[PDB]
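One chain is shown next in structure tokens, namely the form deposited in one PDB entry.
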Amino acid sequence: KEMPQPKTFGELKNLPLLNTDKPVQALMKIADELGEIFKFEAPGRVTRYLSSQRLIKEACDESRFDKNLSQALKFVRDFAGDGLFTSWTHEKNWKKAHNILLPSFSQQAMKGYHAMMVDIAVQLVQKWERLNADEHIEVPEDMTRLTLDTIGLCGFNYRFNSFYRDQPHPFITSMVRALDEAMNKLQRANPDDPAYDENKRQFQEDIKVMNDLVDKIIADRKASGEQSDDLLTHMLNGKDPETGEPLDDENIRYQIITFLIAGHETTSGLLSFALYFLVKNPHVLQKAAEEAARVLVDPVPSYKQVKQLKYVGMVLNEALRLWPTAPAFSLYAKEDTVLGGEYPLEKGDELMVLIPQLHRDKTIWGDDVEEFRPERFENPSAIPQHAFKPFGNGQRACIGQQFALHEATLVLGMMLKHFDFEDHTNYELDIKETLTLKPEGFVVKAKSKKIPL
């Protein structure tokens, strides 16, 4: 059927529609206008945006469709390489890293990371306990400090000490500016102009800073022989059961950059969006706070206590439904095929899955899709297959899902235990798009319940 397509700009086709601060939000508004699928053309490129569970459940069939690197992921690949996130399924290093790393990221493995996660979580709570009266909290800034430090410590036993600085660690400055450069290049009608020559030189310098710090950490761990329980050790020792080969030090670097991108961007957004929805739904906040206080009886939460924070877990899943912080993923057709019995696709045709739109499909969620009701996640088996995908699909799904939800549950748990929150500015949601989504300018006041650590 003659697929809907948004408005065009002559020779540039649809491309200048992405010439905005908020491209994901612009494409969500196009999906509201045009429905479950639309064509998006750019000079030398065609993509098809999917919004309905009906079509996305077919796209998630691994026999017909495989992960595609979007233009965003091709640009991140200049510094994240053949790390798990920016590698094609058919590259030897994808399956090799997947087999080696999977056990390191299982629910079982989280008992190992727990103590380290607590270390950074206690630093967050102590910062907030130490604020004077009528001082406020910058939420996404503090959550980003936390998530970044938690992966640094759990990933390679490195302390970024974000809670001791206004000015972020040099490596972080280079990563943030590389990601900015990577997302900026999407929109540019004339890639290799002379304004961009200056950006190019900055980008190559930012790639070098990340490479140098990570290569030094790998070299220093090799020389020490210390067997810390972190991902770096697992990666230096570990053999793929398939090939019987370990990762070489170049790929280990790419994995570690990959992890620090994920810490920085995704998990901090989840925690920021959850706190936002809690202050805007006080009945739901009171339910989550009642659970935190009943379950988290010890000054230091244990692994087991975090596992019994069911309603905090439902809050995090409901925040991920409304604002999935990594809001899209891309597929290509392995062979000629028909999508939904009505859209023919040629081998190599791209689909973009718009996760925020999948998560608003009224045929799945009912007619109150815009309300924050964690009760939707009361019973996991009641959610239809491929209706809820904040962590992507099949073998190319987020390897960090258990790590993210453990950290977010522990931290949100401790935040609701230790503080009452005031939306003192009546914050209006403003969603900044980098690689990910974050509520920009989200500020609150925390009143300590004066419970000891």
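From 1 onward, residues are counted along the sequence shown. Think of the rigid core as the biggest set of C-alphas that the two forms share within 1.5 Å after superposition.
Asks: What stretch has the higher average Cα B-factor here, 295-303 or 93-101?
Replies: Between 93-101 and 295-303, it is 295-303 that shows the higher mean C-alpha B-factor.
Asks: When the Cα temperature factors in the entry are averaged, is it 202-210 or 306-314 that ends up higher?
Replies: Mean C-alpha B-factor is greater for 202-210.
Asks: Between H406, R45, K417, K389, which one tops the list for Cα B-factor in this entry?
Replies: Most elevated C-alpha B-factor of the set, per the entry: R45.
Asks: Quick one: which of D367, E141, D240, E290 shows the highest Cα temperature factor in the PDB entry?
Replies: So the option with the highest C-alpha B-factor is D367.
Asks: Pull the Cα B-factor of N14 out of the PDB entry and bin it into the chain's lowest, middle or highest third.
Replies: Tercile = middle for this residue's CA B-factor.
Asks: Sorting by Cα B-factor within the chain, modelled residues only, which third would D230 end up in: lowest, middle or highest?
Replies: For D230, the deposited C-alpha B-factor lands in the highest third.
Asks: Please say which third, lowest, middle or highest, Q25 falls into when its CA temperature factor is compared across its chain.
Replies: Lowest third.
Asks: Relative to the other modelled residues of the same chain, rank the CA B-factor of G112 and answer lowest, middle or highest third.
Replies: Its C-alpha B-factor, which the entry lists for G112, ranks in the middle third among residues of this chain.
Asks: Tell me, lowest, middle or highest third: where does the Cα B factor of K67 rank within its chain?
Replies: Ranked within chain, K67 CA B lands in the lowest tercile.
What comes next is about the form deposited in another entry, which is not displayed.
Asks: Please find the residue from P170, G348, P344, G366 showing a Cα shift of 2 angstroms or more between the shown form and the other one, rigid core superposed.
Replies: Among the listed residues, the one whose C-alpha moves by 2 Å or more is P170.
Asks: Given a superposition on the rigid core, I'd like a yes or no on whether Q108 shifts its C-alpha by 2 Å or more between the shown form and the other one.
Replies: Where the cores coincide, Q108 still shows a C-alpha shift between the shown form and the other one that is 2 Å or more.
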